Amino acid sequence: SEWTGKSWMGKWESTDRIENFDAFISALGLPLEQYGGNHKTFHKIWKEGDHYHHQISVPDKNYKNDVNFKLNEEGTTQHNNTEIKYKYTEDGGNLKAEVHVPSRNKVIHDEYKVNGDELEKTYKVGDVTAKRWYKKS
């Protein structure tokens, strides 16, 4: 395990700064009660040998997802029983995630932009764009 090496590695927690996130959740066809709002969300990203770990948690919703990824290599995970295909890449020095949910014909473009101890995440699906800001912790 390594916790340094890239600006986007570390332990990030959401702030009150959020833009259009319910519209993004709705564009995913998900119920706003369970998936929307601005509940405390954590992103932890670190390195393990030749690959990376990305753990997303929302403790309010008792929700946790641990993602293994190698840069530029397709991976597969699940949310309940829906398969999610993803590929993380570095582009312009930002971390990007290409996230496909083929059984729901949904493509999500995630982008992580670091500015000091702040992380700005952009979420895009179809023509809907949302942003959330995170701080180091």
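When you see a residue number, it is the position in the sequence shown, counting from 1.
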### Query
Mean C-alpha B factor from the entry: is it higher for 53-61 or for 82-90?
53-61
### Summary
Reading the B-factor column for Cα atoms of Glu19, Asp117, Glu13, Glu120, the highest value belongs to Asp117
## Note on the structure
Among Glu48, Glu33, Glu73, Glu98, the highest C-alpha B-factor in the PDB entry belongs to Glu33
### Task
State the tercile, meaning the lowest, middle or highest third, of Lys136 with respect to the CA B-factors recorded for its chain.
highest
### Query
What third of its chain, lowest, middle or highest, does the C-alpha temperature factor of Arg104 fall into?
highest
